[PDB]
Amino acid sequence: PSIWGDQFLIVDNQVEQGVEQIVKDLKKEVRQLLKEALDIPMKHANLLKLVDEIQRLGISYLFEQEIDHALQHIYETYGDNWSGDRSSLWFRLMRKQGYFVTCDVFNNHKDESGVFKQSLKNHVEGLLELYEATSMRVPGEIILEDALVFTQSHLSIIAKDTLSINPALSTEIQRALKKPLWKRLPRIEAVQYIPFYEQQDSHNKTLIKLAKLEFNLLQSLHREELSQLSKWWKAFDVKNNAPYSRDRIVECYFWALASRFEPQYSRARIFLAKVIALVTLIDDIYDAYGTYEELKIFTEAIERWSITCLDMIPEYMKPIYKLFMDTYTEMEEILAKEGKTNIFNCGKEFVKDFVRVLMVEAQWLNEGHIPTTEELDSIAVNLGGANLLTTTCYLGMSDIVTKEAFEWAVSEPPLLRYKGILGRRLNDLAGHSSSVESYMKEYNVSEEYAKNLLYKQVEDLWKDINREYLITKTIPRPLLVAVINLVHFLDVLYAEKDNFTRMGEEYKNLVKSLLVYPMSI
């Protein structure tokens, strides 16, 4: 059952008067800061720092043009040859922006003896910058594999030593060691970074005031979205209309919110959450409930994609097919009015593909066929929902979708394949040690060794995904960002258990920090 009750059903958006004025003035100040730092090359390191703070404070959506232009100008001016302060920051922000800069910049972090310089060890800020840069590494980048070992060991020591000297700094180092910035969802970083930034002695007062006010305003919008979604879901009366399924609208919304958290994507988030709810209902049918004969019929009904075939369908499945059809038809009509029927029809085929693969898995289970890692891998883009989630984002972001973006998805790009394989590995490893014990058999290895071997494959996949991210230019950047966020979300979803089907506690508290508790003042 859902642990949230009805707290999100109705929204109480209490807003303070004139906040719009405050925020507008604060905005003008931040633009000027960006302008001042971009205009003078000696301040370019300072510019990179300001961009990082805007991003981590969670308010990049207010300065999208300014940031993109700033990073573009930095890339145009220096290319691969940055040699100022904050070289580790430069490297990470460039790769985050999609520029595949090389590691050559890190050569000078090393001694004449060919080992990392002793002075790096005394500079916590520098160590953290270097550490965070390692998370952007692709396979085979030895200097970053080495930097990761180096920073981890020295940062662990520093965090222990600084506990009694500066406990907030100790905490910030430990937060990074537990999960690097790049892997953390942007909205989650904002909730955690805001209070650390605020307690820093040198912090920019304008930036933190804006970040906290905006955090609260955007949290209000997220609450508005979840209210609409909760009313939508309640109307469906799942208790009665599918008692065998999960009541998880909050969880569906939390997943959609990972894709893009920004105000610009409000309607896309809502649509995506509905599709995740549908997927959930449907997966629950192909998994526990439905008999093989019924599943074959439903699969066929989905192929027909018409309310007119509602009579060919098993009775318990009818309400689900009706919700499904109503939901997709509403989007179909929106896209038609926008002259984007071509886009809808493309998305439609991927929904069909999701259902067809559910049926394949149901055939195998029927036959008593155990699928090869190879067979699974070839089915990866579709099984885990990688294709469905991605293309649902396409439908939600119609205005920027191109033919090339659909051409790309139809390609079975490595990026989406990797997403599916990573999702399955993470899920196996947290409970669909059920997949771990079968691995001990194939290689005849202890549990300790097996876990390590599997962790290594996961780490490899993160690096493979990084490479694909930096190399993929055919899809509009905002959609590529949604994809990478969805990939990183897998780590939250399967962090300690399958948090969707169950609820580990760390997951509970992320939700509350995003949706329940407003920044103070």
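Numbers for residues come from their place in the sequence shown, where the first is 1.
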Select one of none, 1 to 3, 4 to 9, or 10 or more to describe the deposited residues without coordinates separating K441 and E442.
none
On mean Cα temperature factor in this entry, is 280-288 or 95-103 the higher one?
280-288
Going by the B-factors listed in the PDB entry, is the mean over the C-alpha atoms higher for 404-412 or for 150-158?
404-412
Between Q174, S398, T77, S164, which carries the biggest CA temperature factor in the record?
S398
Would you mind finding, among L48, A495, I54, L26, the residue with the largest C-alpha temperature factor in the entry?
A495
Considering only modelled residues of the same chain, in which third does the CA B-factor of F215 rank: lowest, middle or highest?
lowest
Ranking every modelled residue in this chain by its Cα temperature factor as given in the entry, which third contains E338?
highest
Per the entry's values, where does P186 land by CA temperature factor relative to the rest of its chain, in the lowest, middle or highest third?
lowest
The third of the chain into which the C-alpha temperature factor of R260 falls is the lowest
Please place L128 in the lowest, middle or highest third of its chain according to the CA B-factor in the PDB entry.
lowest
